[PDB]
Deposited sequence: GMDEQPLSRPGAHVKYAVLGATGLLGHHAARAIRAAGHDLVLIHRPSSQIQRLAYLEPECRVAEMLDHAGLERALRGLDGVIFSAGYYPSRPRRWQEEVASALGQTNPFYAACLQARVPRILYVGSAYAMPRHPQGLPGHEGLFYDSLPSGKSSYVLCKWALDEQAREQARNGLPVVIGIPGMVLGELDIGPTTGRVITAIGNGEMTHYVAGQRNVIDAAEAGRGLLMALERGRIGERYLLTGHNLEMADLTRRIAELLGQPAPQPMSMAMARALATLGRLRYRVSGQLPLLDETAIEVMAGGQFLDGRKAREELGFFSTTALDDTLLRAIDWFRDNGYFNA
């Protein structure tokens, strides 16, 4: 297995599937993990494991030795505080190839309402926007900034990732909320959903094939929240969540005083397809069913 690729955050949903994709390609897999993390869930991949706390420049450098590449999986300041040492260590370890996993919320909304693409940038500080968007904009700026400064950083930006192995769960709380009768309503909104297994392969592909300093949207299905809500319901044998007005959402925010909860957009997958060879082939139902089954076997449904 002539090539060695590492993954930080391998126990998260999207990292676990990057790790798998590296194993599926027949590369040597390295997993850089914090000592507290339960990386033995990935022992089946026969990984090489390197311990490193993410604020420990001696240990990151050491964990980043002899790699052909690496995937990376008070709110703004400390987001930047975690990534900054990593980039530091990548420079010292002389890693040739770095992919940083970004978010589509680093991008503004397509100004004609069409599906979003990699060319959508905020000219400067996304002022007046949520702190979520701000944090996501910063991490995006930071990565490009390392590219500009001669670091080999590629940026891979998946849509909402859904699939099996979602421990929290995280993104798949939609599935469990619905299944457990909790999500009784939804708010209108556009969203791109992507199968976890694929998003992992897309990451590997950006890492091996992306242009340094470029973003690549890794997309699945463009979807109304009504329809994502409804399909999951139908599959779980449950009633469809009913729509809830946008005004009725702010009116609760206002009762509070005494959002980006449906601020997503559709994504254009062409760049990844033409440059990376990447695109989804999995039916959405197959993804939603595989997630559903994983959650059920592990008792996330009451």
Deposited-sequence stretches lacking C-alpha coordinates, listed in sequence order: 1-11, 85-96, 282-297, 342
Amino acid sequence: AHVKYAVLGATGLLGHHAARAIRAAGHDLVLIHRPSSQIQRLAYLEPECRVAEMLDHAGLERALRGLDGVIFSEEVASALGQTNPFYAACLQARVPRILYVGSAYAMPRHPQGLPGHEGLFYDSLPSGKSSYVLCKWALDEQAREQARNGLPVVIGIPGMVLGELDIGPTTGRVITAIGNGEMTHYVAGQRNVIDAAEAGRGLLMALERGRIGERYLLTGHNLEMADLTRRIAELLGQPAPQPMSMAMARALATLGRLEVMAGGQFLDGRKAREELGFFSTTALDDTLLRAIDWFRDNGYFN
From here on, numbers count along this sequence of modelled residues.
Comparing 195-203 with 175-183, the one whose average Cα B-factor in the PDB entry is higher: 175-183
Stretch exceeding the other in mean C-alpha B-factor - 46-54, 244-252: 244-252
Member of 229, 73, 219, 146 with the greatest C-alpha B factor (per the PDB record): 146
Given 110, 215, 97, 209, the residue at which the Cα B factor reaches its maximum: 110
Third of the chain, ranked by Cα B-factor, where residue 233 sits: middle
Third of the chain, ranked by Cα B-factor, where residue 28 sits: lowest
Cα B factor band for residue 114 (lowest, middle or highest third within the chain): highest
Record-listed C-alpha B factor of residue 69: chain third: lowest
B-factor third for the C-alpha atom of residue 152 within its chain: middle
